[PDB]
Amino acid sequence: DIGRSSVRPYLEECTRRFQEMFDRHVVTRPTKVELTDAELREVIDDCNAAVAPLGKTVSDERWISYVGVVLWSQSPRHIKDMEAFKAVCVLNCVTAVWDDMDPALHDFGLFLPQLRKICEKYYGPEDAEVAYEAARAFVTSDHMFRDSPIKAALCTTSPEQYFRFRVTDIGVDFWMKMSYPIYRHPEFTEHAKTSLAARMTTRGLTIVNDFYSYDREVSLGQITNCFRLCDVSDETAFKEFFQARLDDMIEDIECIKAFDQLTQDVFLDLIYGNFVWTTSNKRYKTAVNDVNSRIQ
(Lines of atoms letter the chains of each structure in order from A and count residues from 1; the text may use other names and numbers.)
(Lines give C-alpha, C1' and ligand atoms only; values in the text may rest on other atoms or scores of the structure.)
Protein backbone atom coordinates (compact mmCIF):
# COMPACT_ATOMS: atom_id res chain seq x y z
CA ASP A 1 0.00 0.00 0.00
CA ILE A 2 2.12 2.89 1.29
CA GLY A 3 4.97 0.58 0.34
CA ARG A 4 3.44 0.69 -3.17
CA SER A 5 2.82 4.42 -3.09
CA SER A 6 6.41 5.39 -4.04
CA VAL A 7 9.47 4.38 -6.08
CA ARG A 8 11.66 6.62 -3.87
CA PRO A 9 13.81 3.69 -2.55
CA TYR A 10 14.92 2.98 -6.14
CA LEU A 11 15.38 6.58 -7.25
CA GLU A 12 19.19 6.77 -7.16
CA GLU A 13 19.90 3.30 -8.46
CA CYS A 14 17.42 3.47 -11.35
CA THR A 15 18.66 6.92 -12.34
CA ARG A 16 22.22 5.59 -12.44
CA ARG A 17 21.17 2.50 -14.44
CA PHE A 18 19.13 4.58 -16.93
CA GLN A 19 22.19 6.77 -17.60
CA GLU A 20 24.50 3.76 -17.85
CA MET A 21 22.19 2.21 -20.46
CA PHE A 22 22.20 5.39 -22.59
CA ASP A 23 26.00 5.83 -22.35
CA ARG A 24 26.38 2.27 -23.61
CA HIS A 25 23.65 2.11 -26.27
CA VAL A 26 23.20 5.70 -27.54
CA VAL A 27 26.51 7.39 -26.58
CA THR A 28 25.68 10.73 -28.21
CA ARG A 29 24.58 13.26 -25.59
CA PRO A 30 21.37 15.20 -26.27
CA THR A 31 21.63 18.96 -26.82
CA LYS A 32 19.55 21.77 -25.34
CA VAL A 33 18.07 24.28 -27.77
CA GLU A 34 18.69 27.81 -26.46
CA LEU A 35 15.85 30.18 -27.36
CA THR A 36 16.41 33.91 -27.33
CA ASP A 37 14.44 35.95 -24.81
CA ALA A 38 12.19 37.18 -27.64
CA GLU A 39 11.57 33.62 -28.83
CA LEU A 40 10.81 32.32 -25.34
CA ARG A 41 8.45 35.23 -24.69
CA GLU A 42 6.69 34.68 -28.02
CA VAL A 43 6.14 31.00 -27.22
CA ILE A 44 4.85 31.78 -23.73
CA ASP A 45 2.47 34.52 -24.93
CA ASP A 46 1.07 32.15 -27.55
CA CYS A 47 0.63 29.58 -24.77
CA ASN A 48 -1.21 32.02 -22.50
CA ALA A 49 -3.45 33.13 -25.38
CA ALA A 50 -4.38 29.52 -26.16
CA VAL A 51 -5.39 28.46 -22.64
CA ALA A 52 -6.98 31.79 -21.64
CA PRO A 53 -10.47 30.79 -22.90
CA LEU A 54 -10.30 27.93 -20.38
CA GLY A 55 -9.96 30.50 -17.60
CA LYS A 56 -6.79 29.19 -15.96
CA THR A 57 -3.63 31.26 -15.56
CA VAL A 58 -0.29 29.49 -16.00
CA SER A 59 2.87 31.06 -14.60
CA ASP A 60 6.02 31.54 -16.68
CA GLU A 61 7.77 29.13 -14.34
CA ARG A 62 5.11 26.54 -15.14
CA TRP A 63 5.39 27.06 -18.91
CA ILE A 64 9.19 26.81 -18.68
CA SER A 65 8.83 23.53 -16.83
CA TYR A 66 6.51 22.24 -19.58
CA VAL A 67 8.67 23.45 -22.48
CA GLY A 68 11.96 21.90 -21.34
CA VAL A 69 11.10 18.56 -22.95
CA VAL A 70 11.05 20.29 -26.35
CA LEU A 71 14.28 22.18 -25.65
CA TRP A 72 16.05 18.94 -24.61
CA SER A 73 14.51 16.18 -26.74
CA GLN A 74 14.53 17.59 -30.27
CA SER A 75 17.65 17.07 -32.44
CA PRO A 76 19.56 20.38 -32.76
CA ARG A 77 22.08 19.28 -35.37
CA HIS A 78 19.24 18.54 -37.84
CA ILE A 79 16.91 21.49 -37.21
CA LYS A 80 15.94 23.45 -40.32
CA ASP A 81 12.65 25.14 -39.37
CA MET A 82 12.64 27.17 -36.13
CA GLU A 83 9.02 28.20 -36.75
CA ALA A 84 8.06 24.52 -36.66
CA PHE A 85 10.19 24.23 -33.51
CA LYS A 86 8.29 27.01 -31.76
CA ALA A 87 4.98 25.43 -32.82
CA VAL A 88 6.05 22.22 -31.11
CA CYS A 89 7.03 24.27 -28.04
CA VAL A 90 3.58 25.86 -27.87
CA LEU A 91 1.53 22.77 -28.79
CA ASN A 92 3.37 20.60 -26.29
CA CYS A 93 2.89 23.14 -23.50
CA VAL A 94 -0.81 23.91 -24.01
CA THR A 95 -1.74 20.24 -24.32
CA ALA A 96 0.29 19.45 -21.21
CA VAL A 97 -1.98 21.94 -19.41
CA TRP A 98 -4.95 19.99 -20.81
CA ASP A 99 -3.34 16.74 -19.61
CA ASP A 100 -3.22 18.30 -16.14
CA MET A 101 -6.77 19.73 -16.12
CA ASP A 102 -9.86 18.41 -14.41
CA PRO A 103 -11.99 17.08 -17.31
CA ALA A 104 -14.88 19.29 -16.17
CA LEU A 105 -13.00 22.20 -17.73
CA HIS A 106 -12.13 20.48 -21.02
CA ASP A 107 -13.95 22.89 -23.38
CA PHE A 108 -13.40 21.53 -26.88
CA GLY A 109 -15.40 24.35 -28.45
CA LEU A 110 -13.10 26.95 -26.93
CA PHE A 111 -9.82 25.00 -27.07
CA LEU A 112 -9.79 23.29 -30.49
CA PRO A 113 -9.91 26.65 -32.35
CA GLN A 114 -6.86 27.81 -30.38
CA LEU A 115 -4.97 24.69 -31.45
CA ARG A 116 -5.82 25.42 -35.07
CA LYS A 117 -4.68 29.02 -34.75
CA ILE A 118 -1.27 27.84 -33.49
CA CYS A 119 -0.84 25.38 -36.36
CA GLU A 120 -1.87 27.98 -38.94
CA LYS A 121 0.55 30.54 -37.49
CA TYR A 122 3.67 28.36 -37.69
CA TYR A 123 3.12 25.68 -40.36
CA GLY A 124 2.47 25.64 -44.08
CA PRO A 125 -1.09 24.67 -45.05
CA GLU A 126 -0.44 20.93 -45.42
CA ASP A 127 1.71 20.63 -42.27
CA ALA A 128 -0.82 22.70 -40.32
CA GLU A 129 -3.49 20.08 -41.00
CA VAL A 130 -1.25 17.17 -39.97
CA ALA A 131 -0.15 18.89 -36.76
CA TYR A 132 -3.69 19.99 -35.94
CA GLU A 133 -5.28 16.57 -36.41
CA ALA A 134 -2.65 15.00 -34.17
CA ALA A 135 -3.20 17.70 -31.53
CA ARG A 136 -6.95 17.18 -31.79
CA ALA A 137 -6.60 13.41 -31.48
CA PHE A 138 -4.31 13.77 -28.48
CA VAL A 139 -6.57 16.06 -26.44
CA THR A 140 -9.66 14.06 -27.46
CA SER A 141 -8.01 10.79 -26.40
CA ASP A 142 -6.87 12.23 -23.06
CA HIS A 143 -10.42 13.45 -22.44
CA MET A 144 -12.27 10.34 -23.47
CA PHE A 145 -10.09 7.92 -21.50
CA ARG A 146 -10.46 9.62 -18.09
CA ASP A 147 -12.22 6.96 -15.97
CA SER A 148 -12.66 4.65 -18.97
CA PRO A 149 -12.96 0.85 -18.71
CA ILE A 150 -10.76 0.67 -21.82
CA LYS A 151 -7.90 2.44 -20.07
CA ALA A 152 -8.27 0.21 -17.00
CA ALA A 153 -8.12 -2.93 -19.14
CA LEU A 154 -5.18 -1.79 -21.27
CA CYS A 155 -3.20 -0.53 -18.24
CA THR A 156 -3.72 -3.51 -15.95
CA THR A 157 -3.37 -6.46 -18.34
CA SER A 158 0.21 -6.63 -19.63
CA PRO A 159 3.09 -4.38 -20.68
CA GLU A 160 2.12 -5.06 -24.29
CA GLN A 161 -1.41 -3.73 -23.79
CA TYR A 162 -0.13 -0.78 -21.76
CA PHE A 163 2.48 0.46 -24.23
CA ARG A 164 0.00 0.03 -27.06
CA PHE A 165 -2.27 2.53 -25.26
CA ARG A 166 0.65 4.87 -24.66
CA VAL A 167 1.58 5.25 -28.37
CA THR A 168 -1.16 7.87 -28.44
CA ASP A 169 -1.75 8.68 -24.77
CA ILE A 170 1.81 9.74 -23.95
CA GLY A 171 1.68 12.00 -26.97
CA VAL A 172 4.62 10.67 -28.96
CA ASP A 173 2.55 10.10 -32.12
CA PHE A 174 1.35 13.70 -31.79
CA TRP A 175 4.98 14.77 -31.21
CA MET A 176 6.28 13.05 -34.37
CA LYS A 177 3.47 14.47 -36.47
CA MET A 178 4.11 18.04 -35.38
CA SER A 179 7.92 17.70 -35.39
CA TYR A 180 8.69 16.41 -38.91
CA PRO A 181 8.46 19.97 -40.36
CA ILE A 182 11.37 20.94 -38.08
CA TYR A 183 13.67 18.58 -40.03
CA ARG A 184 12.28 18.49 -43.60
CA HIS A 185 13.76 15.00 -43.89
CA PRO A 186 11.78 12.79 -46.30
CA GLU A 187 12.34 9.45 -44.56
CA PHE A 188 11.58 10.92 -41.15
CA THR A 189 8.38 12.53 -42.45
CA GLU A 190 7.15 9.12 -43.67
CA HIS A 191 7.92 7.29 -40.43
CA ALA A 192 6.12 10.10 -38.61
CA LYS A 193 3.03 9.73 -40.78
CA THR A 194 2.89 5.92 -40.53
CA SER A 195 3.35 6.25 -36.75
CA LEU A 196 6.27 3.79 -36.99
CA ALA A 197 8.36 6.67 -35.55
CA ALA A 198 6.07 6.86 -32.51
CA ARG A 199 5.93 3.09 -32.03
CA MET A 200 9.75 2.83 -32.12
CA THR A 201 10.12 5.46 -29.40
CA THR A 202 7.10 4.80 -27.18
CA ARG A 203 8.68 2.44 -24.64
CA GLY A 204 11.87 4.46 -24.12
CA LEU A 205 9.88 7.64 -23.51
CA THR A 206 7.16 5.94 -21.47
CA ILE A 207 9.31 3.85 -19.11
CA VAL A 208 11.43 6.88 -18.17
CA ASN A 209 8.42 9.10 -17.67
CA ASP A 210 6.55 6.45 -15.70
CA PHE A 211 9.40 5.90 -13.27
CA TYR A 212 9.81 9.56 -12.39
CA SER A 213 6.10 10.45 -12.49
CA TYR A 214 4.94 7.39 -10.49
CA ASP A 215 4.77 9.08 -7.11
CA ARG A 216 2.75 12.03 -8.38
CA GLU A 217 0.39 9.83 -10.38
CA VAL A 218 -0.51 7.28 -7.70
CA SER A 219 -1.13 10.13 -5.26
CA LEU A 220 -3.62 11.47 -7.86
CA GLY A 221 -5.30 8.12 -8.49
CA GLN A 222 -3.85 8.09 -12.03
CA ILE A 223 -3.44 4.53 -13.31
CA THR A 224 -1.57 5.14 -16.59
CA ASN A 225 1.87 3.95 -15.43
CA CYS A 226 3.59 0.66 -16.16
CA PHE A 227 5.11 0.28 -12.70
CA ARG A 228 1.62 -0.27 -11.32
CA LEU A 229 1.99 -3.62 -13.14
CA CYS A 230 4.39 -4.80 -10.44
CA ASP A 231 4.55 -4.69 -6.66
CA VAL A 232 6.87 -1.74 -6.23
CA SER A 233 6.86 -2.46 -2.51
CA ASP A 234 8.64 -5.79 -3.20
CA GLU A 235 12.27 -5.03 -3.94
CA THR A 236 12.92 -8.29 -5.78
CA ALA A 237 9.80 -8.02 -7.91
CA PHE A 238 10.51 -4.37 -8.75
CA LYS A 239 14.11 -5.11 -9.75
CA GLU A 240 12.94 -7.89 -12.06
CA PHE A 241 10.29 -5.67 -13.63
CA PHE A 242 12.76 -2.82 -14.01
CA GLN A 243 15.30 -5.03 -15.78
CA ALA A 244 12.62 -6.24 -18.19
CA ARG A 245 11.90 -2.60 -19.03
CA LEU A 246 15.58 -1.77 -19.59
CA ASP A 247 15.67 -4.80 -21.88
CA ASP A 248 12.67 -3.33 -23.74
CA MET A 249 14.42 0.03 -24.11
CA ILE A 250 17.64 -1.60 -25.30
CA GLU A 251 15.99 -3.76 -27.94
CA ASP A 252 14.18 -0.68 -29.27
CA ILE A 253 17.34 1.42 -29.37
CA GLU A 254 19.24 -1.29 -31.26
CA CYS A 255 16.47 -1.62 -33.83
CA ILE A 256 16.33 2.17 -34.17
CA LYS A 257 19.97 2.00 -35.29
CA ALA A 258 18.76 0.20 -38.44
CA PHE A 259 17.04 3.41 -39.61
CA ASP A 260 18.84 5.99 -41.74
CA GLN A 261 21.39 8.16 -39.96
CA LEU A 262 19.33 11.36 -39.59
CA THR A 263 16.18 9.51 -38.50
CA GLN A 264 17.94 7.47 -35.85
CA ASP A 265 19.71 10.63 -34.64
CA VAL A 266 16.32 12.26 -34.09
CA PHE A 267 14.74 9.16 -32.53
CA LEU A 268 17.59 8.72 -30.02
CA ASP A 269 17.92 12.42 -29.15
CA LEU A 270 14.23 12.23 -28.25
CA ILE A 271 14.52 9.23 -25.94
CA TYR A 272 17.76 10.30 -24.27
CA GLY A 273 16.92 14.01 -24.16
CA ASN A 274 13.60 13.19 -22.47
CA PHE A 275 15.57 11.33 -19.81
CA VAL A 276 17.92 14.29 -19.24
CA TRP A 277 15.01 16.75 -18.98
CA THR A 278 13.02 14.38 -16.76
CA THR A 279 15.84 14.14 -14.20
CA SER A 280 16.00 17.94 -13.94
CA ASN A 281 12.25 18.72 -13.90
CA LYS A 282 10.96 19.65 -10.45
CA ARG A 283 7.54 18.38 -11.61
CA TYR A 284 8.94 14.90 -11.01
CA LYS A 285 10.47 15.50 -7.56
CA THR A 286 7.63 15.82 -5.07
CA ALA A 287 4.09 14.44 -5.00
CA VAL A 288 2.36 17.83 -5.39
CA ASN A 289 3.98 21.21 -6.14
CA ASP A 290 3.39 24.45 -8.08
CA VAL A 291 4.63 22.91 -11.37
CA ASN A 292 2.96 19.46 -11.24
CA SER A 293 -0.34 20.10 -9.42
CA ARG A 294 -3.69 19.19 -10.94
CA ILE A 295 -5.45 22.15 -12.57
CA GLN A 296 -8.85 22.44 -10.84
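One rule holds for the numbers: they count along the sequence shown, beginning at 1.
Which has higher Cα B-factors on average according to the PDB entry: 246 to 254 or 60 to 68? Per the PDB entry, the higher value belongs to 60 to 68.
Per the record, averaged over C-alpha atoms, which has the higher B-factor: 175 to 183 or 201 to 209? It is 175 to 183 that shows the higher mean C-alpha B-factor.
When you compare the CA B-factors of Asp102, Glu133, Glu217, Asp142 as listed in the entry, which one comes out on top? The record points to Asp102.
Highest recorded Cα temperature factor - choice among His191, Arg166, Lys151, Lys80: In the PDB entry, the greatest C-alpha B-factor among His191, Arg166, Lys151, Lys80 is found at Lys80.
Would you please rank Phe22 by its C-alpha temperature factor against the other modelled residues of its chain and give the third it falls in: lowest, middle or highest? Middle third.
Cα B factor band for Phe275 (lowest, middle or highest third within the chain): Tercile = lowest for this residue's CA B-factor.
Cα B factor band for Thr263 (lowest, middle or highest third within the chain): It belongs to the lowest third of the chain when residues are ordered by C-alpha B-factor.
Third of chain Cα B-factors occupied by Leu115: Its C-alpha B-factor belongs to the middle third of this chain's values.
If you rank the chain by CA B-factor, which third does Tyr162 end up in: lowest, middle or highest? As the PDB entry reports it, the C-alpha B-factor of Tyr162 lands in the lowest third of its chain.
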